[PDB]
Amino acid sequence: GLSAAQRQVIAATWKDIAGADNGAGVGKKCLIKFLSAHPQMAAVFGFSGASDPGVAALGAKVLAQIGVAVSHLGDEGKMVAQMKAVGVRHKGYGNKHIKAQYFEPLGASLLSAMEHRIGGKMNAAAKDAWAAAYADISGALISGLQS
């Protein structure tokens, strides 16, 4: 769960992170860079590499889904349930077992791509709030994946 201060920062910065493409450029940057830093993850996702066009496509879906969890930050129960259902869907995805450990480096790639877009707006309070929101969102997905 997020405190009211954290929910406020997430909601405000999400408007700039979504920009004029519902965050699709952030999603492409996040996944391209994650696969370039961790080449082994391409096999998990079933991609040929960081330049496979499926990376842009999936990066956009991931970001749109984050925007849906942000719209429910006012009702944590709804956000958690929604993310658990996405997690359950992941039981049928990829070519390699999806491990909880993979989520941490993806979080780092996501926060760096958000900063690359919003610059100075990603201050101390935004980094703290987005780390806690990613922990909540990823943690709920993992609970569904492992159910």
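So that there is no doubt, residue numbering starts at 1 and follows the sequence shown.
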property	result
33-41 versus 109-117 - greater average Cα B-factor per the deposited record	33-41
Between the two ranges 12-20 and 127-135, the one averaging a larger CA B factor in the entry	12-20
Highest recorded Cα temperature factor - choice among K99, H90, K84, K28	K99
CA B-factor placement of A69, once the chain's modelled residues are sorted into thirds	lowest
Entry-reported Cα temperature factor of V80, expressed as the chain third it lands in	middle
Third assignment of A4 from its chain's C-alpha B-factors	highest
Lowest, middle or highest third - CA B-factor, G49	highest
